[PDB]
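J.: Next up, protein28.csv (CSV, C-alpha atoms and all ligand atoms).
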chain,number,residue,atom,x,y,z
A,1207,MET,CA,-31.2,92.1,188.1
A,1208,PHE,CA,-27.8,93.7,186.8
A,1209,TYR,CA,-25.1,91.1,186.1
A,1210,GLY,CA,-24.1,89.6,182.7
A,1211,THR,CA,-21.6,86.8,181.9
A,1212,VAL,CA,-17.9,86.4,182.9
A,1213,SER,CA,-15.6,85.9,179.8
A,1214,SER,CA,-11.9,86.5,178.8
A,1215,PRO,CA,-11.4,89.0,175.9
A,1216,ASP,CA,-7.6,88.7,176.0
A,1217,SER,CA,-5.1,86.5,177.9
A,1218,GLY,CA,-5.2,87.3,181.6
A,1219,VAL,CA,-8.2,89.8,181.3
A,1220,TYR,CA,-11.7,88.9,182.6
A,1221,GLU,CA,-14.8,90.9,182.1
A,1222,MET,CA,-18.6,91.1,182.7
A,1223,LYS,CA,-21.4,93.6,182.3
A,1224,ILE,CA,-22.9,95.3,185.4
A,1225,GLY,CA,-25.9,97.1,183.8
A,1226,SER,CA,-24.5,99.1,181.0
A,1227,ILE,CA,-20.9,99.2,182.4
A,1228,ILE,CA,-18.1,96.8,181.3
A,1229,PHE,CA,-16.3,95.7,184.5
A,1230,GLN,CA,-12.8,94.2,183.8
A,1231,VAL,CA,-10.0,92.8,186.0
A,1232,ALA,CA,-6.3,92.0,185.0
A,1233,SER,CA,-2.9,91.6,186.6
A,1234,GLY,CA,-0.1,94.0,185.8
A,1235,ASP,CA,1.5,97.5,186.3
A,1236,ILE,CA,-1.3,100.1,186.6
A,1237,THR,CA,1.2,102.9,185.6
A,1238,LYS,CA,1.2,101.4,182.0
A,1239,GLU,CA,-2.6,101.9,181.6
A,1240,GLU,CA,-4.5,104.6,179.6
A,1241,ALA,CA,-7.9,105.8,181.1
A,1242,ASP,CA,-9.7,109.1,181.8
A,1243,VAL,CA,-9.0,108.6,185.5
A,1244,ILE,CA,-6.3,106.4,187.3
A,1245,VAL,CA,-6.9,105.9,191.0
A,1246,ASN,CA,-4.1,105.9,193.6
A,1247,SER,CA,-4.4,104.2,197.0
A,1248,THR,CA,-2.5,106.2,199.5
A,1249,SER,CA,-2.3,107.4,203.2
A,1250,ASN,CA,-4.4,110.1,205.0
A,1251,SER,CA,-1.5,112.6,204.2
A,1252,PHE,CA,-1.5,111.9,200.4
A,1253,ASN,CA,2.3,111.5,200.5
A,1254,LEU,CA,2.9,107.7,200.7
A,1255,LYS,CA,5.5,106.2,198.3
A,1256,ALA,CA,5.2,102.4,199.0
A,1257,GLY,CA,3.9,99.7,196.6
A,1258,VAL,CA,1.3,101.0,194.1
A,1259,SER,CA,1.7,104.6,195.5
A,1260,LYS,CA,5.4,104.4,194.8
A,1261,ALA,CA,4.9,103.5,191.2
A,1262,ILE,CA,2.2,106.1,190.7
A,1263,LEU,CA,4.0,109.0,192.2
A,1264,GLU,CA,7.4,108.2,190.5
A,1265,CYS,CA,5.9,107.9,187.0
A,1266,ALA,CA,3.4,110.8,187.5
A,1267,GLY,CA,6.2,113.0,188.5
A,1268,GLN,CA,7.1,115.8,190.9
A,1269,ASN,CA,4.4,118.3,189.9
A,1270,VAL,CA,1.7,115.8,190.9
A,1271,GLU,CA,3.6,115.0,194.2
A,1272,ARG,CA,3.6,118.8,195.0
A,1273,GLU,CA,-0.2,119.2,194.0
A,1274,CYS,CA,-1.0,116.5,196.5
A,1275,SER,CA,0.8,118.0,199.5
A,1276,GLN,CA,-0.6,121.5,198.7
A,1277,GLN,CA,-4.2,120.2,198.8
A,1278,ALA,CA,-3.5,118.1,201.9
A,1279,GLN,CA,-2.6,121.2,203.9
A,1280,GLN,CA,-5.6,123.3,202.7
A,1281,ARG,CA,-8.3,121.2,204.4
A,1282,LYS,CA,-9.2,117.7,205.7
A,1283,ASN,CA,-9.8,115.6,202.5
A,1284,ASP,CA,-11.4,112.1,202.2
A,1285,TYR,CA,-9.8,112.1,198.6
A,1286,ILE,CA,-8.1,114.6,196.3
A,1287,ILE,CA,-8.1,115.1,192.5
A,1288,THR,CA,-4.9,116.1,190.7
A,1289,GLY,CA,-3.7,116.3,187.1
A,1290,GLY,CA,-2.3,113.1,185.5
A,1291,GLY,CA,1.3,114.3,185.2
A,1292,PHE,CA,3.3,111.9,183.0
A,1293,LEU,CA,0.7,109.1,183.4
A,1294,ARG,CA,-1.7,108.3,180.4
A,1295,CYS,CA,-4.8,109.9,182.1
A,1296,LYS,CA,-6.7,113.2,182.4
A,1297,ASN,CA,-6.8,113.1,186.3
A,1298,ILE,CA,-5.5,111.0,189.2
A,1299,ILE,CA,-8.0,110.5,192.1
A,1300,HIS,CA,-6.0,109.7,195.3
A,1301,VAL,CA,-8.1,107.8,197.8
A,1302,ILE,CA,-7.2,106.7,201.4
A,1303,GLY,CA,-6.4,103.0,201.4
A,1304,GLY,CA,-7.6,102.5,205.0
A,1305,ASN,CA,-11.0,104.1,204.4
A,1306,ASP,CA,-14.2,102.2,203.5
A,1307,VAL,CA,-13.5,100.9,200.0
A,1308,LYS,CA,-17.2,101.0,198.9
A,1309,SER,CA,-17.4,104.7,199.9
A,1310,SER,CA,-14.1,105.5,198.0
A,1311,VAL,CA,-15.3,103.8,194.8
A,1312,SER,CA,-18.7,105.5,195.0
A,1313,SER,CA,-16.9,108.9,195.2
A,1314,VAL,CA,-14.6,108.1,192.2
A,1315,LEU,CA,-17.7,107.1,190.1
A,1316,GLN,CA,-19.5,110.4,191.0
A,1317,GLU,CA,-16.5,112.5,190.2
A,1318,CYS,CA,-16.1,110.8,186.8
A,1319,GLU,CA,-19.8,111.5,185.9
A,1320,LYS,CA,-19.2,115.2,186.9
A,1321,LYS,CA,-16.4,115.4,184.3
A,1322,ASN,CA,-18.3,113.4,181.6
A,1323,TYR,CA,-15.5,110.7,181.7
A,1324,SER,CA,-16.0,107.2,180.2
A,1325,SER,CA,-13.1,105.1,181.6
A,1326,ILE,CA,-11.6,104.4,185.0
A,1327,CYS,CA,-8.6,102.2,186.1
A,1328,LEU,CA,-8.1,101.4,189.8
A,1329,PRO,CA,-5.8,99.1,191.9
A,1330,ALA,CA,-7.1,96.6,194.5
A,1331,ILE,CA,-7.6,99.6,196.9
A,1332,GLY,CA,-6.6,98.9,200.5
A,1333,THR,CA,-4.7,95.6,200.0
A,1334,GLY,CA,-1.2,97.3,200.2
A,1335,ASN,CA,0.0,99.3,203.2
A,1336,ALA,CA,-3.6,99.4,204.7
A,1337,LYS,CA,-3.7,95.6,204.9
A,1338,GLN,CA,-7.4,95.2,204.2
A,1339,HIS,CA,-8.4,91.6,203.2
A,1340,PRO,CA,-8.7,91.0,199.4
A,1341,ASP,CA,-12.0,89.2,199.6
A,1342,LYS,CA,-13.7,92.1,201.4
A,1343,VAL,CA,-12.0,94.7,199.0
A,1344,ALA,CA,-13.4,92.8,195.9
A,1345,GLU,CA,-16.9,92.6,197.4
A,1346,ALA,CA,-16.8,96.4,198.2
A,1347,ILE,CA,-15.6,97.5,194.8
A,1348,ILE,CA,-18.2,95.5,192.9
A,1349,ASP,CA,-21.0,96.5,195.4
A,1350,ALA,CA,-20.1,100.2,194.7
A,1351,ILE,CA,-20.6,99.7,190.9
A,1352,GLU,CA,-23.9,97.7,191.4
A,1353,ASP,CA,-25.3,100.6,193.7
A,1354,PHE,CA,-24.3,103.2,191.1
A,1355,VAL,CA,-26.1,101.3,188.3
A,1356,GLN,CA,-29.2,100.6,190.5
A,1357,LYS,CA,-29.6,104.3,191.2
A,1358,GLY,CA,-29.6,105.1,187.4
A,1359,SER,CA,-26.4,107.1,187.7
A,1360,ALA,CA,-24.4,105.5,184.9
A,1361,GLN,CA,-24.5,108.0,181.9
A,1362,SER,CA,-20.9,108.9,180.8
A,1363,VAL,CA,-19.1,106.0,182.6
A,1364,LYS,CA,-18.8,103.0,180.4
A,1365,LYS,CA,-15.7,101.0,181.5
A,1366,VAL,CA,-14.2,100.3,185.0
A,1367,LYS,CA,-11.0,98.2,185.0
A,1368,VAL,CA,-9.1,96.9,188.1
A,1369,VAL,CA,-5.4,96.3,187.4
A,1370,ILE,CA,-4.0,94.2,190.2
A,1371,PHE,CA,-0.3,93.8,191.1
A,1372,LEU,CA,-0.5,90.2,192.5
A,1373,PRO,CA,-2.0,87.4,190.5
A,1374,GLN,CA,-3.2,85.8,193.7
A,1375,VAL,CA,-5.5,88.8,194.4
A,1376,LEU,CA,-6.8,88.7,190.8
A,1377,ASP,CA,-7.9,85.1,191.5
A,1378,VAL,CA,-10.1,86.4,194.4
A,1379,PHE,CA,-11.7,89.1,192.2
A,1380,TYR,CA,-12.5,86.5,189.5
A,1381,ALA,CA,-14.2,84.2,192.0
A,1382,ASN,CA,-16.3,87.2,193.2
A,1383,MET,CA,-17.4,87.9,189.6
A,1384,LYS,CA,-18.4,84.2,189.1
A,1385,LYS,CA,-20.5,84.3,192.3
A,1386,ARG,CA,-22.5,87.2,190.8
A,1387,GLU,CA,-22.9,86.3,187.2
A,1388,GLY,CA,-26.3,85.8,185.5
B,1401,LIG,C1,1.5,97.1,194.5
B,1401,LIG,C2,2.4,97.6,193.5
B,1401,LIG,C3,2.1,98.1,192.2
B,1401,LIG,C4,3.0,98.5,191.4
B,1401,LIG,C5,2.7,99.0,190.0
B,1401,LIG,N1,4.3,98.6,191.8
B,1401,LIG,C6,4.6,98.2,193.0
B,1401,LIG,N2,5.9,98.2,193.4
B,1401,LIG,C7,7.0,99.0,192.9
B,1401,LIG,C8,8.2,98.4,192.6
B,1401,LIG,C9,9.2,99.2,192.1
B,1401,LIG,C10,9.0,100.6,191.9
B,1401,LIG,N3,10.0,101.3,191.3
B,1401,LIG,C11,7.8,101.1,192.2
B,1401,LIG,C12,6.8,100.4,192.7
B,1401,LIG,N4,3.7,97.6,193.9
B,1402,CL,CL,-3.5,100.4,200.4
B,1403,CL,CL,-3.1,96.2,193.5
For the file at hand, write its structure as structure tokens.

T.:
Amino acid sequence: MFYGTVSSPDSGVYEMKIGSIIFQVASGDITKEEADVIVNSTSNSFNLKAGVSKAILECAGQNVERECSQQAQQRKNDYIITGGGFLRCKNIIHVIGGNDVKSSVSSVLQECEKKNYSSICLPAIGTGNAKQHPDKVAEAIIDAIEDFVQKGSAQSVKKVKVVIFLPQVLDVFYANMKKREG
């Protein structure tokens, strides 16, 4: 009802259409990417500095670190939105790695529509310090995008890219895409 064909537009990048959205996966360093939103996978305190979160906070810089801990004290947040700091993005959305991944991605998509943003880049949320299983994480991320498309919600969002630190985790995402393809 929704899925196109899996192909490779550039070495190590794989893509398919999900409705009108181009969904891509690649291995590499997410802090090198340009997108309207970059997603950080962090702790319930929004102050983790391990794995992906270490790279994101170091390169985004101290003003983003401070914005996070200011919002964390204000209220109980499922996620928080900051500026992009010295990353190549307009905003960073910091999600909790241990939370339901489908719910986290659904929230990211809705926030991007609210800002009329077109591009998103995320890590394999939950596979770092939270130790969620890669197969379950891939299924959840792609399910969130399918649900968004099915509800007719895709308007401004055109591209969703997962940049994955470990090549072995990329292989799991690729297999999940092949299972779904038209
Ligand atoms: C999962 C992941 C993703 C990325 C982009 N980096 C790391 N590790 C890391 C290594 C060295 C520094 N300085 C910072 C972070 N880990
Ligand atoms: Cl994580
Ligand atoms: Cl990752």

J.: Quick one: of A:1362, A:1310, A:1279, A:1211, who's nearest to residue 1224 of chain A, counting all atoms listed in the file?

T.: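 Once distances to residue 1224 of chain A are computed over all atoms listed in the file, the minimum belongs to A:1211.
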
J.: Could you tell me, counting only C-alpha atoms and all ligand atoms, which protein and nucleic acid residues lie no more than 7 Å from ligand CL 1402 (chain B), written as a ChimeraX atom specification?

T.: /A:1247-1248,1303-1304,1331-1337

J.: Which value, in Å to one decimal, gives the distance between atom CA of residue 1226 of chain A and atom CA of residue 1208 of chain A?

T.: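 Spanning atom CA of residue 1226 of chain A to atom CA of residue 1208 of chain A is a straight-line distance of 8.6 Å.
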
J.: List the neighbours of residue 1361 of chain A out to 10 Å using all atoms listed in the file; skip same-chain residues closer than 3 positions along the sequence, and give me the result as a PyMOL selection string.

T.: chain A and resi 1226-1227+1319+1322-1324+1355+1358+1364

J.: State, in Å with one decimal place, the distance from atom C1 of ligand LIG 1401 (chain B) to atom CA of residue 1307 of chain A.

T.: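 Between atom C1 of ligand LIG 1401 (chain B) and atom CA of residue 1307 of chain A the gap works out to 16.4 Å.
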
J.: Could the residues that lie within 9 Å of ligand CL 1403 (chain B), counting all atoms listed in the file, be listed as a PyMOL selection string?

T.: chain A and resi 1233-1236+1247+1257-1258+1328-1334+1368-1372+1375-1376

J.: So, counting all atoms listed in the file, which residue among A:1240, A:1232, A:1298, A:1218 is closest to residue 1262 of chain A?

T.: A:1298

J.: At a cut-off of 10 Å around the point (-6.6, 111.9, 181.1) (file coordinates), what residues fall inside when counting all atoms listed in the file? I'd like the answer as a compact mmCIF listing (two decimals) with C-alpha atoms, in the frame of the given file.

T.:
# COMPACT_ATOMS: atom_id res chain seq x y z
CA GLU A 1240 -4.50 104.60 179.60
CA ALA A 1241 -7.90 105.80 181.10
CA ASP A 1242 -9.70 109.10 181.80
CA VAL A 1243 -9.00 108.60 185.50
CA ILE A 1244 -6.30 106.40 187.30
CA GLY A 1289 -3.70 116.30 187.10
CA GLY A 1290 -2.30 113.10 185.50
CA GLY A 1291 1.30 114.30 185.20
CA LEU A 1293 0.70 109.10 183.40
CA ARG A 1294 -1.70 108.30 180.40
CA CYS A 1295 -4.80 109.90 182.10
CA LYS A 1296 -6.70 113.20 182.40
CA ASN A 1297 -6.80 113.10 186.30
CA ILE A 1298 -5.50 111.00 189.20
CA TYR A 1323 -15.50 110.70 181.70
CA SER A 1325 -13.10 105.10 181.60
CA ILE A 1326 -11.60 104.40 185.00

J.: Could you tell me how far atom CA of residue 1351 of chain A sits from atom CA of residue 1382 of chain A, in Å to one decimal place?

T.: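 If I compute the distance from atom CA of residue 1382 of chain A to atom CA of residue 1351 of chain A, I get 13.4 Å.
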
J.: Could you pull the residues within 12 Å of residue 1215 of chain A, counting all atoms listed in the file, minus those fewer than 4 positions along the same chain, as a list in words?

T.: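 Skipping anything fewer than 4 positions along the chain leaves residues 1219, 1220, 1221, 1222, 1228, 1229, 1230, 1231 and 1232 of chain A.
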
J.: Between A:1318, A:1245, A:1207, A:1265, which has the minimum distance to ligand LIG 1401 (chain B) (counting only C-alpha atoms and all ligand atoms)?

T.: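 Among the listed residues, A:1265 lies closest to ligand LIG 1401 (chain B).
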
J.: My list of candidates is A:1264, A:1339, A:1287, A:1349. Which is closest to residue 1321 of chain A when distances are computed with all atoms listed in the file?

T.: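 Between A:1264, A:1339, A:1287, A:1349, the residue approaching residue 1321 of chain A most closely is A:1287.
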
J.: Considering all atoms listed in the file, return as a list in words whatever protein or nucleic-acid residues lie within 12 Å of residue 1309 of chain A, sequence-local ones (same chain, fewer than 6 positions apart) excluded.

T.: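 Once the nearby chain positions are removed, what remains is residues 1284, 1285, 1301, 1302, 1303, 1315, 1316, 1331, 1343, 1346, 1347, 1348, 1349, 1350, 1351, 1353 and 1354 of chain A.
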
J.: Could you save the residues just selected, with C-alpha atoms, as an mmCIF file, in the frame of the given file?

T.:
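The resulting file, out-v7.cif, is reproduced below:
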data_model
loop_
_atom_site.group_PDB
_atom_site.id
_atom_site.type_symbol
_atom_site.label_atom_id
_atom_site.label_comp_id
_atom_site.auth_asym_id
_atom_site.auth_seq_id
_atom_site.Cartn_x
_atom_site.Cartn_y
_atom_site.Cartn_z
ATOM 1 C CA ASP A 1284 -11.400 112.100 202.200
ATOM 2 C CA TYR A 1285 -9.800 112.100 198.600
ATOM 3 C CA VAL A 1301 -8.100 107.800 197.800
ATOM 4 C CA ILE A 1302 -7.200 106.700 201.400
ATOM 5 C CA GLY A 1303 -6.400 103.000 201.400
ATOM 6 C CA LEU A 1315 -17.700 107.100 190.100
ATOM 7 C CA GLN A 1316 -19.500 110.400 191.000
ATOM 8 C CA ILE A 1331 -7.600 99.600 196.900
ATOM 9 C CA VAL A 1343 -12.000 94.700 199.000
ATOM 10 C CA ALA A 1346 -16.800 96.400 198.200
ATOM 11 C CA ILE A 1347 -15.600 97.500 194.800
ATOM 12 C CA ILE A 1348 -18.200 95.500 192.900
ATOM 13 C CA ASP A 1349 -21.000 96.500 195.400
ATOM 14 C CA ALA A 1350 -20.100 100.200 194.700
ATOM 15 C CA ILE A 1351 -20.600 99.700 190.900
ATOM 16 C CA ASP A 1353 -25.300 100.600 193.700
ATOM 17 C CA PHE A 1354 -24.300 103.200 191.100
#

J.: Taking the point (-13.6, 89.1, 194.9) as given in the file, collect each protein or nucleic acid residue that comes within 6 Å of it, counting all atoms listed in the file, and present the set as a compact mmCIF listing (two decimals) with C-alpha atoms, keeping the file's coordinate frame.

T.:
# COMPACT_ATOMS: atom_id res chain seq x y z
CA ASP A 1341 -12.00 89.20 199.60
CA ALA A 1344 -13.40 92.80 195.90
CA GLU A 1345 -16.90 92.60 197.40
CA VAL A 1378 -10.10 86.40 194.40
CA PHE A 1379 -11.70 89.10 192.20
CA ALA A 1381 -14.20 84.20 192.00
CA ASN A 1382 -16.30 87.20 193.20

J.: Could you add the missing atoms to segment 1273-1289 of chain A, up to N, CA and C atoms, and return them as a short mmCIF file (atom, residue, chain, number, x, y, z; two decimals), keeping the file's coordinate frame?

T.:
data_model
loop_
_atom_site.label_atom_id
_atom_site.label_comp_id
_atom_site.auth_asym_id
_atom_site.auth_seq_id
_atom_site.Cartn_x
_atom_site.Cartn_y
_atom_site.Cartn_z
N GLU A 1273 1.28 118.92 194.03
CA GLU A 1273 -0.20 119.20 194.00
C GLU A 1273 -0.86 118.49 195.20
N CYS A 1274 -0.48 117.22 195.40
CA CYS A 1274 -1.00 116.50 196.50
C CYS A 1274 -0.79 117.09 197.92
N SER A 1275 0.46 117.45 198.19
CA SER A 1275 0.80 118.00 199.50
C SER A 1275 0.25 119.41 199.71
N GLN A 1276 0.04 120.16 198.62
CA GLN A 1276 -0.60 121.50 198.70
C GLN A 1276 -2.10 121.35 199.06
N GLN A 1277 -2.82 120.43 198.42
CA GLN A 1277 -4.20 120.20 198.80
C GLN A 1277 -4.38 119.61 200.19
N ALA A 1278 -3.47 118.72 200.59
CA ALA A 1278 -3.50 118.10 201.90
C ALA A 1278 -3.49 119.08 203.07
N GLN A 1279 -2.72 120.14 202.89
CA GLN A 1279 -2.60 121.20 203.90
C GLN A 1279 -3.75 122.16 203.97
N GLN A 1280 -4.44 122.32 202.84
CA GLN A 1280 -5.60 123.30 202.70
C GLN A 1280 -6.79 122.93 203.55
N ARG A 1281 -7.12 121.65 203.65
CA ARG A 1281 -8.30 121.20 204.40
C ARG A 1281 -8.18 119.69 204.66
N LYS A 1282 -9.11 119.16 205.45
CA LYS A 1282 -9.20 117.70 205.70
C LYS A 1282 -9.97 117.07 204.50
N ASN A 1283 -9.28 116.26 203.71
CA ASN A 1283 -9.80 115.60 202.50
C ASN A 1283 -10.06 114.11 202.72
N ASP A 1284 -11.21 113.56 202.28
CA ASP A 1284 -11.40 112.10 202.20
C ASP A 1284 -10.64 111.56 200.92
N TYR A 1285 -10.49 112.41 199.90
CA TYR A 1285 -9.80 112.10 198.60
C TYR A 1285 -9.36 113.41 197.97
N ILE A 1286 -8.40 113.38 197.06
CA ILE A 1286 -8.10 114.60 196.30
C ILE A 1286 -7.90 114.23 194.83
N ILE A 1287 -8.18 115.22 193.99
CA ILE A 1287 -8.10 115.10 192.50
C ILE A 1287 -6.92 115.98 192.06
N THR A 1288 -5.98 115.39 191.30
CA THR A 1288 -4.90 116.10 190.70
C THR A 1288 -4.88 115.90 189.17
N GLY A 1289 -3.99 116.62 188.47
CA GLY A 1289 -3.70 116.30 187.10
C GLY A 1289 -3.05 114.88 187.01
#
